[PDB]
Structures are given as structure tokens and as C-alpha cells.
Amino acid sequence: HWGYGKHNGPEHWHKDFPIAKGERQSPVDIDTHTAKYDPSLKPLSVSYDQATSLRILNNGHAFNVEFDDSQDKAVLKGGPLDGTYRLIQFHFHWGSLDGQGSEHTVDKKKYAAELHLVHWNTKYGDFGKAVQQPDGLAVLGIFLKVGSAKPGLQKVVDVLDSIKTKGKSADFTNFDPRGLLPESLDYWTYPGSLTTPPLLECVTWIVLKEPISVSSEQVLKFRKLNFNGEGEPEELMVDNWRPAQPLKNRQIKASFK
């Protein structure tokens, strides 16, 4: 099945998911000079005060922290969004080295990792129906650079040795995703897709300009995870990022002058 290796990685995905060559694929390079400030964007609102994490899971491609999305608790609204989008999970993409790992790039610059907070449009009732819609999802993307430690990440790092291999999951309650956000909510936005199969074109991307800093030790712990399941040959979970895809007929808007 699909992955990030030579024989099943991004260059192969189109054979099983032809939308991989579609008109609104993600990620993209964000050319900051060609992005245009949009005064029509409303203030972005990230309201995570009532967020309720449930579990953390190694799915063979990344690890997901999943949330209870059965009520309006952790919502994203404003900015480019119409209505309310509810947080369902977050995960990261990262590299084998600090010089790569992000999916989006900024003037071709790659960050060491990228955090994706995944939300679904509440007008569609749940995530499964939302992924049948062109405005079903909103993903808030946050770049990670290696520097000072991010205290709010440490609870995630500390649990990773319990989910080393594909299929392992662990209870993960009371995690506050607000500890993963940078100071500024300045962002770029554009219409795109999931960055992993099935690559569905449902996403309003909101990519924050300001990276968060994590320590080398924190990202090294991400790199100890495994793509493989228990009892299979060990393949370190690294470089689980899709490269930038063609912008085609899209414009990137900036929330800031």
C-alpha cells in the first residue's frame, strides 16, 4: 500500500489515487512575494479552550492525537472560513534531518517539521460527510524549526515510546493543543487537498507564518517511531512529507499587510 519509500512514495500515489495530479493538490510552495494581502479576510479565531483529547495512534504514516469532536468544543472560524470547523485530530510530518520535513515550503525553504490541526465543517455533520465536500475541511498548518524546546509539545514526545510501531495506540487525555501555537496568527490561505492518500480536494489550508521552535531532542524522538508494525523489519518513521505540488490555477492570500 502507499507510503514514503522509493517504490510506494509520493511519485507513485497517482496510480491508485489519480486526483494526485488534480487541480488543487497540496502542499504547495508559498511564494511570499506573490501572495496577496486580502482585506476581505475576517479575523481568524482558534478556540481550543474546551478541547478534549482522547487518544494517540501510530497509523503507519504519522501519529495522530485524536479529539472528541461530538460537540462544539475546539473550533476554528473566521479568516477565510464560512461557519465553524471542529478539530478532530492533529499530526506532524517531519524529516530525517533538520533541513527537511515540512510539506509546505516558504520561498522554497523547508522547515524541520509541520504540524497539521485538522478540522471539519460542522455544516456537514461529521468528518466522513465533510470529506465529500469541496469546503469540508480546514487544516491549520504550523511550521516547526529546531531551536528552543516547546514545553507544550513535551507531553506528546514523552508518550511516543508507547506507540513505536504501526497500529499501537494509547490513552491521551487532557492534552491542550494551545501549547503548540506560535504567538502570531498571521497566515497564508489557499484551497487544496489532503497531503496523503486519498488526496481528496476538500481542504481550506491556513498556514501560519510564524514557526514554533522545538528542540533537537524533541524531533529526535519523533524520528524513533517506526513505519512498520511490531515484529516487522524496522523502518524509521522519517521523511513522511509530500513535496510541493503545482500551484496551477490558484492564488495564495495573506492575512497580513
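A residue's number is simply how far along the shown sequence it sits, counting from 1.
Judged by mean Cα B factor in the deposited record, 42 to 50 ranks above the other of 199 to 207 and 42 to 50. Per the PDB record, of the two stretches 164 to 172 and 127 to 135, 164 to 172 carries the greater mean B-factor over its C-alpha atoms. In the PDB entry, the Cα temperature factor peaks, among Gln71, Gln89, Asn121, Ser102, at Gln71.
The PDB entry assigns its highest CA temperature factor, among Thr189, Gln218, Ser193, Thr34, to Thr34.
Among the modelled residues of its chain, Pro80 has a C-alpha B-factor that falls in the highest third according to the deposited record. Per the PDB record, residue ranking by Cα B-factor puts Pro182 in the middle third of the chain.
Ranked within its chain, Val159 lands in the highest third, by CA B factor from the PDB record. The entry lists a Cα temperature factor for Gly147 that places it in the middle third of the chain's modelled residues. Sort the chain's modelled residues by C-alpha temperature factor and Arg24 lands in the middle third, per the entry.
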